[PDB]
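Here you'll find one protein chain in two forms, each presented separately as structure tokens under the names structure 1 and structure 2.
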Structure 1
């Protein structure tokens, strides 16, 4: 139960992100990222690269964002990629029917005058919103008589709204284009060149880390709903008859919350199963999908997401994407309820085929005389924007001190900079120490910054914790005058300190950040400091 308000204030004050074109009134769905935001955003992407691209030796390509209409028409986006929109007959004001109806029912279930018999009924409606097609939503909008949230006017019937941005490539109108709503397509149009890289055998995964555009109808979720964001997508091309992953046993012992399609249609809750048992009992189709669900869980967890607030929900029969036949979304529980931050879909083979036909260009591989096959693809899609935000709410805390200080418990691999070196005097008495410590840290690969801000050592850290800095080393006079020269090591979360020689701290902070040593261990080997 995080206090969004108080948090958003800290994220904007320290400038993690903020409204884009603020001095012009701003634009919904558009935000800019400040220094700290970029540092944290870059750490997440780098962590992702090591976790997937590096770990699975994935190929990398960087395709264009502009796309000629024909390409997206063949993919089915020009037809099925949209959201149901509604608007009051009085003025323009557009709203995403899907969500509005969801916010309306929550208002009715909240009202005490609501009977248990109804509150229950409405729950069955919400837990099946992504299914209700064109007509079905129209009925609910009439049954519950939904009306504009503000100055409640009459709402027009629900209609489709293509979420792709429109443009024109080159002078004239002969070539109408769009801004890619996803990156996947780019990888498909380059399947042959990519297939050639792996000698021609399967499986093999291609990846992309670029920006995608979504002309979202009415964004009101901060960074959760933007019309422009960076997403990392992997296209795991596997043979339809070989949907088995060799490394699955690496994540078979993971206990994570699964919310199958059945559990949703049978009105029951999500179960916390073992990834292996899940694949066994037929819950999770194959092991390829299961391996990725594990890799995903691990990544999100390693970045800072809370396990007790993370679950994988399976799509419904008619909730499926136009290009999918099965999918599982990694949802994180936030102040906006459960929201998908990573979509692991199973586009059986809808893409290579469509493009193959439309262009009469064959896109297949061969196996052992020899047979050709159309590669089935499992696509783990990461929304680096939502993942970062979820980290904010899952690590944001308010110190128990009356000063109402806040801080983020960012893991050591995502925090802006691991250590914060802050000395009392910046004269030539401490420089000999600050200098060596700063370089000793660098040799250990520990990102840091020397503090110069004004205020007491206690306030000096209050600002460091605010942006989530993992550790801190205080160099006082006793560090300079006394001998051996010892400095103070401070832990962000607990605020507890330690006193050790200023020459051993480097390797220590390195193990604390690398996860080789526990803060408990530190308090066990070295003398405590109040």
Structure 2
């Protein structure tokens, strides 16, 4: 704070220096941007405990165990293109599934599925075509042609949003002409980046989950907002940024009423995003919501930024883009894209009975790749004893493998019990990994922990020797383990994977494991 104070002051001076420069585009918010960048960097350099991940170790684990890899690596690879392996894909679908329960099923959102191929007039209308050609000229989008030859120039969608806007009329009709409603699409988006860098952070193809919440401007207040009002989270307002200030933990309700956040609709989604991101493993102490300043924005915009080894990175944008995309496409195509509400008292010799409503749009955009990479960092740990033993503390709900089945030895008496358990878990819908390899139980614990297997069932000698056949259940993080009846462990593991019990509750109900005594 002693080293940061002068840089804070500096940002502040050039801050409302700018406000003065317009109080009565020569002006350089570029100068302001530089100063804040300095402050940002040095605050970052001052903070580490070191509190932060050994990126090279974590990337090694991800690589070795095929969480994700360079696409076409066998052909030399293509910059900015990545494939997800078994664990990567599994973790992804879990993150997407949780996203579906958290947003779509919760708010009864209308999820649609649109083509990635997009004709040129659509993107010229939204201004994507005009805004992303550059200095021979090269476009930051992927251009292609549809059909015969070059009869129809098209692009790969840069975003998922436009498919919703263009289907507004049938979406609205499906909600029977009533506002408000929301549509969503989960799919891939394409950015022909001139320089893909930092692994999954900036890629040329990535999976995006987008939501367009359509709402009557006359009615921009969310009914469920007090479900998130008392949440305390870090906010970084435009005022705070230009004041040279840092982020500040506030109450959501306060920030909305004080007017820091425009409305309770935008606020609701900020709160819901917070709840979601933390649910999938992102750390609250390493998560902030940063408002967009004047030189980056639309009524209001807030990015969700997570602190990583690469610094602060946006993982979820949440914009208020009242009227535009609906209006822009409307004029472009001459097709009216609006809602209507019946006037109470009918009304320029025409008598009106309804008034047309141009809906406002609230748009949360989720970059699942970055969200996933953030989870990787925020859940990566190294065992205190063995530096080779690394593991991921994935929340049970998103852990790719909920369980592992482990005979204590390659010994044969265990094998029928192992077969029993796998099929049982398979019929309980419980994702599991069976390891009956030549390695010791410690080696195979290490393998399983490495990919974030939530719990480990170990078949021992007392599984076969004593009257009630009982295996041990092991917690990935604490490495502590209990003992329970093979009959019921698939139910117990299923429960932990769904979040209907916690490991503390399990340790409470079932006896602790002091050790083998049959041998």
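Residue numbers count along the first chain shown, from 1. The term rigid core refers to the maximal set of C-alpha atoms that superpose within 1.5 Å between the two forms.
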Only one of 184, 310, 391, 434 shifts its Cα by 2 Å or more between structures 1 and 2 once the rigid core is superposed, namely 434
Rigid core fitted, then: does residue 6 show a CA shift of 2 angstroms or greater between structures 1 and 2? no
Verify the C-alpha shift of residue 501 between structures 1 and 2: is it 2 Å or more after superposing the core? yes
Would you say residue 335 moves between structures 1 and 2, meaning its CA shifts by 2 Å or more once the core is fitted? no
Looking at residue 450, what is the CA displacement between structures 1 and 2 after core superposition, in angstrom? 2.5
With the core held fixed, residue 169 moves its Cα between structures 1 and 2 by a number of Å equal to 1.4
